[PDB]
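What follows are structure tokens for two forms of the same protein chain, given separately as structure 1 and structure 2.
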Structure 1
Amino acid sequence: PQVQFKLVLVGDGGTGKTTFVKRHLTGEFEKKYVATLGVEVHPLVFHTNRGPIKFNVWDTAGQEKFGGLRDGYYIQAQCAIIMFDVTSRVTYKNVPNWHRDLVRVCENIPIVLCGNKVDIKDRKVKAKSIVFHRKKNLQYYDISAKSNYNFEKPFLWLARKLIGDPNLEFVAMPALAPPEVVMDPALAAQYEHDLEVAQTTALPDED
């Protein structure tokens, strides 16, 4: 009897939606821009003091080439994230359109607004320009998938609204004891050889 919630993730192309999801899933940061084609659903579990909750995140394609009937992917949605890029004014100019499209299908669902890429110093959308959330009573956050700044806040806020507990807390994931099965020395030696290139491959943080 799991506590699930459908979450639609929308925004102009290049705003960092897929990078945001991957960061939450594996902790990685993808530097390449590979445009999302269609819609990809990803379960994201968070552990709370009231139990685990699962966000089935519908990662969408921001490009308008895929907007013929995008409304259908919002049906049965229970929350949503609108994402824009603070280094690209066009992405914020289109927020009202994203918000309009959502409410037309889902009406009163909790929706978070995320200004991504705040790690970059040359911020083209200034903080005083961001006003659409006040207008619609949405929760806003500056986030950075690259620096992890506030990148968990949208889910914490949505979890509190959906569960109806403003004191909900994300808590440490239980870490059960591993099984007794471990790598035998021969297999370990086989992988040290197969994966030797890893020893001479740079870490991405070296940047």
Structure 2
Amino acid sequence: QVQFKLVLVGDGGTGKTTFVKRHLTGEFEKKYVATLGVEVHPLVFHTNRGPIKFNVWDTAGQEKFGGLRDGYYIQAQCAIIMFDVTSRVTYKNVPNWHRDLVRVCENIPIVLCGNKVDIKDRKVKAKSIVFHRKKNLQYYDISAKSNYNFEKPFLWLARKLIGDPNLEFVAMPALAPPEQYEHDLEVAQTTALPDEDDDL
């Protein structure tokens, strides 16, 4: 199996864990439960060059929960640095995360991501985001909530790591599927679905 270590860093509350969970299970987690040290999750994508597996090291952004800190970056093959476009302090700290990261990982592909662009009152203006240029980082506006550009960081990293600019995500093949409960369904019926005012 072709698998790569991806470390994910950024200030507390920027949306790192929520972004990964979205990719893992499809869900949107509304609550903020701070990561303690690191959470490691395998994440596979199917591509026209076969399956690529990212071993995602989702690290803690809060200083008091930082754990091993840069110790997590050892042997990382790629990275995502996350900030929150509604919080300027989180962009201010991007150079600090980048610094600690490239001191351990000297030559790896890194994507800078500005999360939470779904929120109306955006604070870190598009025009302001230039840190990536001199450091050769790919940049994307993303939202884990609306799924805006959510796949782009992994598509870019996979292109860089497999060394094929024409790599695309492709539809995984669909195996033919096979052929008390009443209590369980009634609780499901009577629990309201979230976000009933969304388009879908």
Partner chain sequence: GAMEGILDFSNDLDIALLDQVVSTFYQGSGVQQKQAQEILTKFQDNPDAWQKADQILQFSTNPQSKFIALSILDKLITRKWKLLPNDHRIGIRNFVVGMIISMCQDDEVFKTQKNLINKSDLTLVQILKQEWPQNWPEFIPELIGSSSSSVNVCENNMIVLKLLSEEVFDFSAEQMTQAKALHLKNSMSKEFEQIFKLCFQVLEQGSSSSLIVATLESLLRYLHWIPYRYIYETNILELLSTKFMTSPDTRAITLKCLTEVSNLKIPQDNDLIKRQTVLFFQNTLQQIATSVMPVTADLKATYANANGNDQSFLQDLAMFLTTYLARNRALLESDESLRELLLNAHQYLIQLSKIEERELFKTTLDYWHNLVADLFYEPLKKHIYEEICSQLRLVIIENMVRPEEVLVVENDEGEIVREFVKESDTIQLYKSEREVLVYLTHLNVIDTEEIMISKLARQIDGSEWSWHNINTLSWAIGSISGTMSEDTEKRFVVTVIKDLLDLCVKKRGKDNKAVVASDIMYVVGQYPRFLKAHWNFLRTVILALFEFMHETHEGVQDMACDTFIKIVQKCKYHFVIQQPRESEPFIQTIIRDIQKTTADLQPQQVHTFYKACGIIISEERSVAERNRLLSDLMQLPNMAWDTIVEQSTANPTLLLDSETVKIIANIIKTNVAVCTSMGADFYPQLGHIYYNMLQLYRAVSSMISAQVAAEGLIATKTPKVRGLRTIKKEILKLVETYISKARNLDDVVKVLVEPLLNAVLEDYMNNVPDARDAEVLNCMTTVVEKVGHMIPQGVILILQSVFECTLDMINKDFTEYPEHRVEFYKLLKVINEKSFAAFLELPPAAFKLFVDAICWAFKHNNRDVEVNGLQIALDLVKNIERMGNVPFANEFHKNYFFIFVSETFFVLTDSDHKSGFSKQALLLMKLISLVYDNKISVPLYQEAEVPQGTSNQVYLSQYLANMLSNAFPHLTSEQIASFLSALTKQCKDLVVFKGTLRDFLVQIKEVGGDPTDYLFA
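Residues that one form lacks are left out of the comparison. Residue 1 is the first residue of structure 1, and the numbers go on in sequence order from there. C-alpha atoms forming the largest set that superposes within 1.5 Å between two forms make up the rigid core.
- Note: the form solved without its partner chain is the first of the two, structure 1.
- For the set 157, 66, 46, 141, a Cα shift of at least 2 angstroms between the two structures, after rigid core superposition, holds for 66 and for no other residue.
- Here the two forms are laid over each other by their core, and the C-alpha of residue 195 is off by 3.5 Å between the two structures.
- Taking the rigid core as reference, the CA displacement of residue 111 between the two structures comes to 0.2 Å.
- The Cα position of residue 174 changes by 1.5 Å between the two structures once both are aligned on the rigid core.
- Identified as moving between the two structures on the superposed core are the stretches 66 to 69, 178 to 180, each made of at least three consecutive residues whose Cα atoms shift by 2 Å or more.
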